[PDB]
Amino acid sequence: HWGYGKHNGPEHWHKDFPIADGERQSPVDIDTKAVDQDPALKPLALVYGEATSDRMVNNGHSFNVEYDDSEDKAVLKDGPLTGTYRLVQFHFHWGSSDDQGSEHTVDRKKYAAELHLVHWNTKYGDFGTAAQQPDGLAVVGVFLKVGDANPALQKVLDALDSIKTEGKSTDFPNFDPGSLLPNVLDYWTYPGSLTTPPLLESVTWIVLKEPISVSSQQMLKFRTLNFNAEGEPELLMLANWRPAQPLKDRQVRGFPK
């Protein structure tokens, strides 16, 4: 089973998921001086006022905050997109020290962590159907820059002791995903993939230019999670980031430039 260890990690995923070596894989490094403007791009609309969080779950690879996506309660529109994309869950990637852990990088700079807000196009009826299509998924990436402690983030981290091990979940109502956004929604966008197997090439990436904050102490809490289930030897979730992949024949575009 794939993971982030020496034998089963990113370098090896290509063996069981050869699309790892595909034409539109994520993440990438964003070489900012190679970014194009495009007047067709719009401001991002993150319509999250009605969001209804459900629960938090350790899936053996990260933890997800899942949302009720049965109707348009927390949706993503505009930016580079056409149509409505519903928020299904968010999750994070991090590393084993503060100097690394983001999946996307900006002129080779790694941040301590990265938030992924995963959305699917209503045209496809549900997440699994949408994940098979080039315009099916849209993921908003937000960097966590080590600095000040973040109170909104701490509400998530306060629940982590309840989901230490794979398979555990905890109820998690009333969490406003907009509370994990920077004040400015400037972004980069490119066509890419999910960053975990099966690495499907169905994602319009929207990476926000401005990070949100996290403290060094807060980063410790991520790394208390376990990849293993309860009763198995403790495999700490010290790092769960895929490194930057080659951009190949794609163009990153930026809004407002």
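In this text, residue numbers run from 1 along the sequence as written.
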| item | value |
| --- | --- |
| Per the entry, higher mean C-alpha B factor between 69-77 and 169-177 | 69-77 |
| Comparing 178-186 with 104-112, the one whose average Cα B-factor in the PDB entry is higher | 178-186 |
| C-alpha B-factor winner, where the candidates are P191, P27, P197, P39 | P39 |
| Highest-ranked of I212, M56, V207, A51 once sorted by CA temperature factor in the record | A51 |
| Entry-reported Cα temperature factor of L44, expressed as the chain third it lands in | middle |
| Modelled-residue ranking by C-alpha temperature factor, third containing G95 | lowest |
| Within-chain third of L117 by Cα B-factor, per the entry | lowest |
| Cα B factor band for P134 (lowest, middle or highest third within the chain) | middle |
| Where the record places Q218 (Cα B-factor, split into thirds across the chain) | lowest |
